[PDB]
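Structure, as structure tokens:
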Amino acid sequence: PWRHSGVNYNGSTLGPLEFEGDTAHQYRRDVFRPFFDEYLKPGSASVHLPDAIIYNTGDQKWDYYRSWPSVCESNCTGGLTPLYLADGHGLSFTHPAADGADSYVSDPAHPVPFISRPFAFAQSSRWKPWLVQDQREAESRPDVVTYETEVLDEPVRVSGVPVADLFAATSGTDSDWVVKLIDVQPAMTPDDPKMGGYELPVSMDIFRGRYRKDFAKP
Amino acid sequence: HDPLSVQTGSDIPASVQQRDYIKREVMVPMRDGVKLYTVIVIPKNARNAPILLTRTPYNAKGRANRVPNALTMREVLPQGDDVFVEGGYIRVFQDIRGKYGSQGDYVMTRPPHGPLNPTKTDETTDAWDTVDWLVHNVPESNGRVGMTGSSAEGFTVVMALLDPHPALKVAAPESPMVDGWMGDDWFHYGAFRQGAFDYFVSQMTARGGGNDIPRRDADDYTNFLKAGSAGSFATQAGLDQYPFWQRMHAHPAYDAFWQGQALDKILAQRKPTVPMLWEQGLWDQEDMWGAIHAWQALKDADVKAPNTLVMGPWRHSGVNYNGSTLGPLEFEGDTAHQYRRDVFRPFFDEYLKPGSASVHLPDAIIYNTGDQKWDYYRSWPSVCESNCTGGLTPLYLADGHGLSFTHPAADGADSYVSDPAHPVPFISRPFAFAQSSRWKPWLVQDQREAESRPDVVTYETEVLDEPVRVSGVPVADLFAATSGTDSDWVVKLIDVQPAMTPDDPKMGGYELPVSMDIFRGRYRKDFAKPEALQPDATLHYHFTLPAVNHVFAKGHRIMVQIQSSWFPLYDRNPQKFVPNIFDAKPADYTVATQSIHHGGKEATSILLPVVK
Amino acid sequence: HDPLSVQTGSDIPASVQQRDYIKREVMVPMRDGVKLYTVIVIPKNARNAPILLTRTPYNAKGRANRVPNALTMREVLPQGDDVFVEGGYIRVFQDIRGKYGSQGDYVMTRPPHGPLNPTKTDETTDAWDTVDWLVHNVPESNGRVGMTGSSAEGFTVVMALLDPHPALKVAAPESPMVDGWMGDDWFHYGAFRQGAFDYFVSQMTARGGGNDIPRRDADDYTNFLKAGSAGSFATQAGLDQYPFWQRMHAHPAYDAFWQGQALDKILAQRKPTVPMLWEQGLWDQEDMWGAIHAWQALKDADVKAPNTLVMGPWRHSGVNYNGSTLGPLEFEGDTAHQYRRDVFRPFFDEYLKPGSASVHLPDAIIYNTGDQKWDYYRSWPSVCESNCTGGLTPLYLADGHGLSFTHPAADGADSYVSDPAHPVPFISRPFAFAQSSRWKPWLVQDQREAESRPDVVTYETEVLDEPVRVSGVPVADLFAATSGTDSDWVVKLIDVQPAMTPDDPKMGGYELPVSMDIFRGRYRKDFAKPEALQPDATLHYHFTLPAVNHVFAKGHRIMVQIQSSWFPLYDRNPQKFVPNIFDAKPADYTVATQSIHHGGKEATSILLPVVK
């Protein structure tokens, strides 16, 4: 649960998020060092590492997966589960038969800030934990469309690479498509009040529309 | 049995000289038999001392207990009482009718005797009976009473000024509740302030203390948006059983209910002879209309008594605390203490302490938010719409999102889509009304967030080569059109800081608002008779904005920002004409295209009070 | 008249579904007719649900209202109830006899039935009647009650364990008040804790809330020093009229009054059969004696029930909050939540939720303050004074202010002047008892300030080449001399951090105390019969210090600090034998020369619980 190069520093926090101890030092001591010792120090203990060792941003613990990922598009034990966008700005696991569409105006004279203004690239302290910043500012804008499920009654576990299956239209001849997968914290978090309703992005990216068909031939 | 070992009774003692003050608790009887809880703080060995009186609905016992049962009077009394404690004044805090230790019925901002109050008592008589009692029952006093207080405590001062007792020699209302509809606590040109619900429940649930409205989400932007309309929130909060809300809900327009409560107009018709010192902050987020309008009305009515207006770089009630800062802004020392020691105290001493020096205060003493110093204006304002030495200078909106002092003869217009499903946050999300630390300095926050939104139109001058000085009331001369049948118009006058401020880096390019307000379109023609707007027609809006005493320095920029929402502070305008916005239904909220015309016959501008 | 415009009544309403819980307020009648206010928080539509009960003198109504009248149960209940809210437990908070909403007489830490309480009731019977009522009157419950609580709420659990109701299936006292004289809230080996005065006035002024003692100065070091003695401050604060103080003032020694209140000795004689989970923090600044001594006494008496001791890296009551940090220290995640989720909850589920997984807890579960991990000890402690697998390893004080594991045959002694006019501050000045943020993590503060003083002797080992692991109770074997006839002895076991800690620069050379306590010299021979000390004679002092589960890593240093004052937390020892230190006179305070002998026959050392 680190930022770029965060593995060489302290892994206890990242922005307002708090993890179970110094996760970076944990990896350095429990995995990194012993793995290196096996081949660099003759006579050292043999370590048998799995396919992947990933920290669980929900369970708050290290997960050791013998085979990872267990689910994906093709050549995996199982496929991906589609979380469909629905009517009334909702999200459902049930495929909605009815056709529908939502519109938003994209004005380049007023682009959406990736993080709160003001921001300068020299501000390292703001740049580092940018990916965990609250997305509530974007949601309040008419140039950002937001979809969400109902307050969960049962937990939903995700482990792998999420794929954006987007069916979008533009009135122009080019366009960028930013898709954010967000984990909305409980409406109220009394043990840490500032996290109430916090829109934490667990995964997000941008796609330049001109490369839809070919990445080499726009 | 041994009492020093075996306890068969209670450990709580049956009954429970080091202080420099004496605290007296009395129940002062009014003319109708109702008694009012009064706390009198008299300094030890005090003889022939003046009385500083404050009537309050915020717990008199608590107010005179900053540090509960402290050893010193300085500790026991509020920070704002510092200069009076040093002066040996007798402090008096009294619970108003129907609140805390007081008896009787409580009426939120009780209307003065008239069509809205046919009984023999009101806040005016309550103050009269109080003063009359204090001058006959406090032997340590010289029989001279001075009145002060901020917010609702300021409201009581204004009420007492309608018909004061001869012993009330001086008064100083601080950011008082004068007109809750025009521009104070409840509405701002018709636009309802949603933070009122929490105030209602906290002040009217019981005689004593009350609790806040439990929330679903931590964000009030989310809370009020999910509820829909303001009325819907109120109903969900169980506010429908509260008599004051029932009256407000029935009177959304500026009718007889609100007109009969406008203290600025009433006080001016009575012609008081008691020296006054009106005060409000330049960034008063709760009572911007209060002081300035009451002071101006008295000046226009040719009052025969000292009438001075004081405006510092403070937030609501900031005059009683530390005025060194406000949000990220820094001023030249403790401006609040400065005013309290140099102006407030001596002015009160003149009428409450016989033999004291005579002070000759000017028309207004306003701090300069540009020059960083106190300005003393013998005649203020020097420029305004009519009946002034000079007129206002129009700062025209122009082509290419610009601002100029030169009239653009050609027509032009810029558009923005106002979607009520995504209203513009008044301050960064998340925000809850319970977060006092964010609410207090809201008026000085950077407006760069709003500038980046497509539903907010921004205009700016070039980087200034010569400073532009403004002192007075700016007037928004707006020529706007909407596709809907109703709309809200938010206009902001901003002072953009230099692109780079190397001594304080975070201030570089900061969009500091010096004055901003909202106007509910339905009240364009008449405030008392709301009417629908013509779709797509460019209409003329003319309204005054909060006063200014600023200097847009070299390297700065003057900026104007226009939008149609300010959530969740102001309830969303459905953008469709409905009889009562409070009861707007989900289907009433319409997306609308707003057009701000510039140049030609419909040249939108900000009528600036430019001075030499 | 129009009611929607004219109000002649009150704006306060005569009588003032969205929640996931139901709150029930009941007055539970005890065996003597006295009713106790009980708040029952029940989750919406629950059946066969266990009850978590807490009896408290800290306002039940408030405790069950973390976020007053909140929409969710999670919000409404304290942080420490998180796992029980997730488990669907029924929360029950009750006001103990004589406090807040409860009737009857209030007796501070009411003694159990015996020579100090000849009535028909006590805290044991009150809990019995409460459990009996709860299991018959709450239809949503499965008739199984679990008891928990911290501080005074922990005291009520221990009291209930003396003779529990059949329905009380499990108990978990957290940092309970077991022995106020030995090492809990009031005294520590006879040394009086001056913070008790504020606690006395805040809890025994009235049935409900009370206020703090008004201070003259902001610094309590100044306040107490100026007052002179502890009894002198009490008199000046008007505490002489408080019955509990009157008894304490009459019983400064460990006589029948304190012996008959030692819950560890009483509980071990009763032999309970209810599964227990004892808890206290390794840095418990309010109740260090409590849990460990109560758990150990039961273990020695061969208790026929699960008896586990849990000690985390927490301050007093820190188990119910966030255990990630403590002062400048950082632990491996939220240790408090970890314990609550992995140990606490499942242990309670085993006896309260029929069908749940069975847990087999070891002797003790202690967090390692060196290894930064949870240690599970099947048998604890493995090393101690007598009746253990191994003995303690002595860490001898040596020449040139050093420490060694090798016994020095050569005799030696180091001296320091203890001047009562200038007592050693327990933590940096200024400090007031009201400053909670400084009081809570005081036990982990840097001891470098003390080391720099001439009235504090310091001993340290060389920079460690190999780690030294310690697990158990360290025993101070001190051979000290004083020129006076009385004296206090403060012994600190410190873990000096590496000279430089590049990953966290501020920790470089930091003198972190892993265990420290004070011993009032007059009680050297007998705790019940105080005696004067022979001037200039080296006497033997033998006392246990707070438990440890640390590892002095490579680069670190083990350090011992010895002083004779710990102001203003502990009252100053006059250093002259007086019948009652509480009533010491100004002339009694004598400057004394203290000598700590090392080597030979009087080899001062800290008997460390060194493990492999």
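FYI, nothing fancy with the structure tokens labels: chains A, B, ... in order, residues from 1 per chain, ligands from 1 as they appear.
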
Shell around range 552-560 of chain C at 9 Å using only C-alpha atoms, local window under 3 positions removed, as a count of residues only: 32

Enumerate as a compact mmCIF listing (two decimals) with N, CA and C atoms, in the first residue's frame the residues belonging to chain A that approach chain B to within 12 Å, with only C-alpha atoms taken into account.
# COMPACT_ATOMS: atom_id res chain seq x y z
N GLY A 88 -30.60 5.86 -13.07
CA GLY A 88 -30.63 6.57 -11.80
C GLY A 88 -29.24 6.64 -11.19
N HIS A 89 -28.23 6.75 -12.05
CA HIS A 89 -26.82 6.82 -11.65
C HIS A 89 -26.39 5.70 -10.70
N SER A 103 -25.36 12.10 -20.05
CA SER A 103 -24.48 13.08 -20.66
C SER A 103 -23.81 14.06 -19.72
N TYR A 104 -22.63 14.52 -20.14
CA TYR A 104 -21.85 15.49 -19.40
C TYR A 104 -21.05 16.31 -20.40
N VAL A 105 -20.95 17.61 -20.15
CA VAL A 105 -20.22 18.51 -21.03
C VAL A 105 -18.75 18.62 -20.64
N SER A 106 -17.86 18.37 -21.60
CA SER A 106 -16.43 18.46 -21.37
C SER A 106 -15.92 19.74 -22.03
N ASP A 107 -15.60 20.73 -21.20
CA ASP A 107 -15.10 22.02 -21.67
C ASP A 107 -13.61 22.14 -21.36
N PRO A 108 -12.77 22.17 -22.39
CA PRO A 108 -11.32 22.29 -22.24
C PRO A 108 -10.87 23.62 -21.65
N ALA A 109 -11.75 24.61 -21.63
CA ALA A 109 -11.41 25.92 -21.08
C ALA A 109 -11.49 25.84 -19.55
N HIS A 110 -12.13 24.79 -19.06
CA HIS A 110 -12.30 24.54 -17.63
C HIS A 110 -12.12 23.04 -17.37
N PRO A 111 -10.89 22.53 -17.50
CA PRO A 111 -10.63 21.11 -17.28
C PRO A 111 -10.75 20.71 -15.82
N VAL A 112 -11.01 19.43 -15.57
CA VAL A 112 -11.15 18.93 -14.21
C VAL A 112 -9.77 18.76 -13.57
N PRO A 113 -9.55 19.42 -12.43
CA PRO A 113 -8.28 19.31 -11.72
C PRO A 113 -8.08 17.89 -11.19
N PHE A 114 -6.89 17.31 -11.35
CA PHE A 114 -6.66 15.95 -10.86
C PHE A 114 -6.64 15.88 -9.34
N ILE A 115 -6.29 17.00 -8.73
CA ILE A 115 -6.24 17.19 -7.28
C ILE A 115 -6.56 18.67 -7.08
N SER A 116 -7.01 19.04 -5.89
CA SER A 116 -7.36 20.42 -5.57
C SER A 116 -6.36 21.50 -5.97
N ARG A 117 -6.89 22.65 -6.36
CA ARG A 117 -6.08 23.79 -6.76
C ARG A 117 -5.76 24.55 -5.46
N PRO A 118 -4.59 25.17 -5.36
CA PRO A 118 -3.58 25.16 -6.42
C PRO A 118 -2.60 24.00 -6.31
N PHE A 119 -2.01 23.63 -7.44
CA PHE A 119 -1.03 22.55 -7.46
C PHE A 119 0.07 22.88 -8.45
N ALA A 120 1.31 22.63 -8.01
CA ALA A 120 2.50 22.86 -8.82
C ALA A 120 3.24 21.54 -8.75
N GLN A 123 5.54 20.62 -5.79
CA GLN A 123 4.97 20.24 -4.50
C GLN A 123 4.96 18.72 -4.32
N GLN A 133 -6.39 10.59 -2.76
CA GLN A 133 -7.18 11.78 -2.44
C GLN A 133 -8.68 11.59 -2.68
N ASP A 134 -9.49 12.27 -1.87
CA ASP A 134 -10.95 12.21 -1.95
C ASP A 134 -11.43 12.69 -3.31
N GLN A 135 -12.36 11.94 -3.90
CA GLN A 135 -12.90 12.29 -5.21
C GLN A 135 -14.26 12.99 -5.14
N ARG A 136 -14.60 13.53 -3.98
CA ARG A 136 -15.87 14.22 -3.79
C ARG A 136 -15.95 15.56 -4.53
N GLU A 137 -14.80 16.19 -4.77
CA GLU A 137 -14.74 17.46 -5.48
C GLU A 137 -15.16 17.26 -6.93
N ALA A 138 -14.68 16.17 -7.53
CA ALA A 138 -15.00 15.84 -8.91
C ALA A 138 -16.48 15.51 -9.07
N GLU A 139 -17.03 14.75 -8.12
CA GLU A 139 -18.43 14.35 -8.12
C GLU A 139 -19.39 15.54 -8.13
N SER A 140 -18.98 16.64 -7.51
CA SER A 140 -19.80 17.84 -7.44
C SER A 140 -19.83 18.65 -8.74
N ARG A 141 -18.99 18.27 -9.69
CA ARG A 141 -18.90 18.97 -10.97
C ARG A 141 -19.81 18.39 -12.05
N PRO A 142 -20.40 19.26 -12.87
CA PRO A 142 -21.29 18.82 -13.96
C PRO A 142 -20.53 18.22 -15.14
N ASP A 143 -19.20 18.23 -15.11
CA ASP A 143 -18.39 17.66 -16.20
C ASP A 143 -17.79 16.31 -15.80
N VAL A 144 -18.39 15.71 -14.78
CA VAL A 144 -17.98 14.41 -14.25
C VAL A 144 -19.25 13.63 -13.94
N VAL A 145 -19.37 12.44 -14.50
CA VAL A 145 -20.55 11.61 -14.27
C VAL A 145 -20.23 10.57 -13.19
N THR A 146 -21.10 10.47 -12.20
CA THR A 146 -20.90 9.54 -11.10
C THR A 146 -21.96 8.45 -10.94
N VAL A 184 -16.28 4.00 -1.64
CA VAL A 184 -16.90 5.03 -0.80
C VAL A 184 -16.96 4.51 0.63
N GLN A 185 -16.30 5.21 1.54
CA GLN A 185 -16.28 4.81 2.95
C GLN A 185 -17.67 4.98 3.55
N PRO A 186 -17.96 4.33 4.68
CA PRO A 186 -19.28 4.45 5.32
C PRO A 186 -19.66 5.91 5.50
N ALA A 187 -20.95 6.21 5.42
CA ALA A 187 -21.45 7.57 5.57
C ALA A 187 -20.85 8.28 6.79
N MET A 188 -20.62 7.51 7.85
CA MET A 188 -20.03 8.02 9.09
C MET A 188 -19.01 7.01 9.61
N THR A 189 -17.85 7.51 10.00
CA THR A 189 -16.77 6.68 10.54
C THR A 189 -16.41 7.40 11.83
N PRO A 190 -17.14 7.11 12.91
CA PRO A 190 -16.92 7.76 14.21
C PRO A 190 -15.53 7.65 14.84
N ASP A 192 -12.77 7.86 13.18
CA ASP A 192 -11.96 8.76 12.35
C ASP A 192 -12.97 9.57 11.52
N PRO A 193 -13.63 10.54 12.16
CA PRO A 193 -14.65 11.38 11.50
C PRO A 193 -14.40 11.94 10.10
N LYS A 194 -13.17 12.33 9.78
CA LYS A 194 -12.88 12.89 8.46
C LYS A 194 -13.02 11.91 7.28
N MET A 195 -13.06 10.62 7.57
CA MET A 195 -13.20 9.59 6.54
C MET A 195 -14.65 9.30 6.15
N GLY A 196 -15.60 9.95 6.82
CA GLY A 196 -17.01 9.76 6.55
C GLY A 196 -17.44 10.15 5.15
N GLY A 197 -17.83 9.16 4.35
CA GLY A 197 -18.27 9.37 2.98
C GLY A 197 -17.14 9.58 1.99
N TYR A 198 -15.91 9.55 2.49
CA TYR A 198 -14.69 9.73 1.69
C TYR A 198 -14.73 8.83 0.47
N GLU A 199 -14.48 9.42 -0.69
CA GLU A 199 -14.48 8.67 -1.94
C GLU A 199 -13.05 8.29 -2.31

Just asking: which residues within range 118-313 of chain B are helix (DSSP H, G or I) according to DSSP, as an NGL selection string? :B and (123-137 or 152-160 or 196-204 or 220-227 or 230-236 or 239-241 or 243-250 or 256-259 or 263-270 or 290-300)

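Those residues of chain B that fall within 6 Å of chain C when using only C-alpha atoms read residues 4, 6, 10, 11, 12, 13, 70, 105, 106, 107, 116, 204, 205, 214, 242, 243, 244 and 247 of chain B.
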
Of the listed residues C:352, C:603, C:310, C:291, that which approaches residue 395 in chain C most closely, counting only C-alpha atoms: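 Among the listed residues, C:603 lies closest to residue 395 in chain C.
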
Write out as a compact mmCIF listing (two decimals) with N, CA, C and O atoms, in the first residue's frame which residues come within 8 Å of residue 78 in chain B when counting only C-alpha atoms, dropping same-chain ones fewer than 5 positions away.
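Contents of around.txt, as written:
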# COMPACT_ATOMS: atom_id res chain seq x y z
N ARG B 63 -21.77 32.47 29.88
CA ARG B 63 -21.05 33.61 29.31
C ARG B 63 -20.17 34.33 30.33
O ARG B 63 -19.10 34.83 29.98
N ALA B 64 -20.61 34.36 31.58
CA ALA B 64 -19.87 35.01 32.66
C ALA B 64 -19.01 33.97 33.38
O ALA B 64 -18.61 34.16 34.53
N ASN B 65 -18.74 32.87 32.67
CA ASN B 65 -17.93 31.78 33.19
C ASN B 65 -17.02 31.22 32.11
O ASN B 65 -17.05 30.02 31.84
N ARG B 66 -16.22 32.09 31.49
CA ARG B 66 -15.29 31.68 30.44
C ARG B 66 -14.43 30.56 31.01
O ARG B 66 -14.23 29.53 30.36
N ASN B 320 -14.53 40.34 19.32
CA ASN B 320 -14.33 39.95 20.71
C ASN B 320 -13.20 38.94 20.93
O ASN B 320 -12.99 38.47 22.04

Report, in Å with one decimal, the straight-line distance from CA of residue 400 in chain B to CA of residue 413 in chain B.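 Computing the Euclidean distance for CA of residue 400 in chain B and CA of residue 413 in chain B yields 10.1 Å.
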
Excluding same-chain residues fewer than 4 positions from residue 100 in chain B, what lies within 9 Å of it counting only C-alpha atoms, as a ChimeraX atom specification? /B:37,57-61,95-96,206-209

The selected residues should be written to file as an mmCIF file, in the first residue's frame (atoms: C-alpha atoms).
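Final output, saved to part_9.cif:
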data_model
loop_
_atom_site.group_PDB
_atom_site.id
_atom_site.type_symbol
_atom_site.label_atom_id
_atom_site.label_comp_id
_atom_site.auth_asym_id
_atom_site.auth_seq_id
_atom_site.Cartn_x
_atom_site.Cartn_y
_atom_site.Cartn_z
ATOM 1 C CA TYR B 37 -31.899 35.562 35.407
ATOM 2 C CA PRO B 57 -30.070 33.810 24.659
ATOM 3 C CA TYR B 58 -26.705 31.991 24.905
ATOM 4 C CA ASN B 59 -26.778 31.163 28.658
ATOM 5 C CA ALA B 60 -25.885 34.149 30.868
ATOM 6 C CA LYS B 61 -24.390 31.864 33.528
ATOM 7 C CA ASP B 95 -30.715 35.622 30.037
ATOM 8 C CA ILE B 96 -33.449 36.978 27.766
ATOM 9 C CA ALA B 206 -35.783 23.419 25.377
ATOM 10 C CA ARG B 207 -35.617 26.433 27.697
ATOM 11 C CA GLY B 208 -31.991 25.538 28.369
ATOM 12 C CA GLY B 209 -29.526 23.785 26.083
#

Could you work out how far CA of residue 489 in chain B lies from CA of residue 519 in chain B, giving the answer in Å with one decimal?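 Result for CA of residue 519 in chain B versus CA of residue 489 in chain B: 5.0 Å, one decimal.
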
Non-local contacts of residue 149 in chain A (10 Å; only C-alpha atoms; under 2 positions in same chain excluded) as a VMD selection string: chain A and resid 83 to 86 89 to 93 147 151 to 152 184

Export of prior selection with N, CA and C atoms as a CSV table (one decimal), in the first residue's frame:
chain,number,residue,atom,x,y,z
A,83,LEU,N,-19.6,-5.1,-13.5
A,83,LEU,CA,-20.4,-4.3,-12.6
A,83,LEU,C,-21.0,-3.2,-13.5
A,84,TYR,N,-22.2,-3.5,-14.0
A,84,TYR,CA,-22.9,-2.6,-14.9
A,84,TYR,C,-23.3,-1.3,-14.4
A,85,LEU,N,-23.3,-0.3,-15.3
A,85,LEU,CA,-23.7,1.1,-15.0
A,85,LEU,C,-25.2,1.0,-15.3
A,86,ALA,N,-26.0,1.6,-14.4
A,86,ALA,CA,-27.4,1.6,-14.6
A,86,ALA,C,-28.2,2.9,-14.5
A,89,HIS,N,-28.2,6.7,-12.0
A,89,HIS,CA,-26.8,6.8,-11.7
A,89,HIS,C,-26.4,5.7,-10.7
A,90,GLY,N,-26.9,4.5,-11.0
A,90,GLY,CA,-26.6,3.3,-10.1
A,90,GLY,C,-25.6,2.3,-10.7
A,91,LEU,N,-25.3,1.3,-9.9
A,91,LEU,CA,-24.4,0.3,-10.3
A,91,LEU,C,-25.0,-1.0,-9.8
A,92,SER,N,-25.1,-2.0,-10.7
A,92,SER,CA,-25.7,-3.3,-10.4
A,92,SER,C,-24.9,-4.4,-11.0
A,93,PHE,N,-24.9,-5.6,-10.4
A,93,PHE,CA,-24.2,-6.8,-10.9
A,93,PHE,C,-25.1,-7.5,-11.9
A,147,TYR,N,-21.5,7.2,-10.8
A,147,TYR,CA,-22.3,6.1,-10.6
A,147,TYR,C,-21.9,5.4,-9.3
A,151,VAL,N,-25.7,1.1,-0.4
A,151,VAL,CA,-24.8,0.8,0.7
A,151,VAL,C,-24.8,-0.7,0.9
A,152,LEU,N,-23.6,-1.3,0.7
A,152,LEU,CA,-23.4,-2.8,0.8
A,152,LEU,C,-23.9,-3.5,2.1
A,184,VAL,N,-16.3,4.0,-1.6
A,184,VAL,CA,-16.9,5.0,-0.8
A,184,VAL,C,-17.0,4.5,0.6

Nearest residue to residue 405 in chain C out of C:40, C:599, C:179, C:346, using only C-alpha atoms?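 Result for the nearest residue to residue 405 in chain C: C:599.
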
Which is closest to residue 286 in chain C among C:607, C:591, C:443, C:230, if we use only C-alpha atoms? C:443

Have a look at C:290, C:535, C:101, C:252 and name the one nearest to residue 579 in chain C; count only C-alpha atoms. C:252

Which of range 144-223 of chain B end up as strand (DSSP E or B) when DSSP is run on this backbone - answer as a PyMOL selection string? chain B and resi 144-151+168-176+187-188+191-193

Which residues are close to residue 17 in chain A, i.e. within 10 Å by only C-alpha atoms, leaving aside same-chain residues fewer than 5 positions away? Reply as a compact mmCIF listing (two decimals) with C-alpha atoms, in the first residue's frame.
# COMPACT_ATOMS: atom_id res chain seq x y z
CA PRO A 1 0.00 0.00 0.00
CA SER A 12 2.53 3.03 7.88
CA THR A 57 -6.31 -2.50 1.20
CA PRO A 129 -0.18 10.56 -2.24
CA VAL A 132 -5.61 8.30 -2.53
CA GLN A 133 -7.18 11.78 -2.44
CA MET A 195 -13.20 9.59 6.54
CA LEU A 200 -11.26 6.65 -1.98

Do a neighbour search on residue 476 in chain C at 9 Å with only C-alpha atoms, toss out local chain neighbours closer than 4 positions, and write the hits as a compact mmCIF listing (two decimals) with C-alpha atoms, in the first residue's frame.
# COMPACT_ATOMS: atom_id res chain seq x y z
CA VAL C 491 13.88 3.96 40.14
CA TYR C 541 14.95 -1.52 49.75
CA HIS C 542 13.22 -4.33 47.83
CA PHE C 543 10.27 -3.55 45.53
CA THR C 544 8.72 -4.67 42.24
CA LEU C 545 8.53 -2.34 39.23
CA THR C 604 22.48 -2.13 44.21
CA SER C 605 20.96 -3.69 41.11
CA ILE C 606 17.75 -4.09 39.13
CA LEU C 607 16.72 -7.73 39.15
CA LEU C 608 15.90 -8.07 35.45
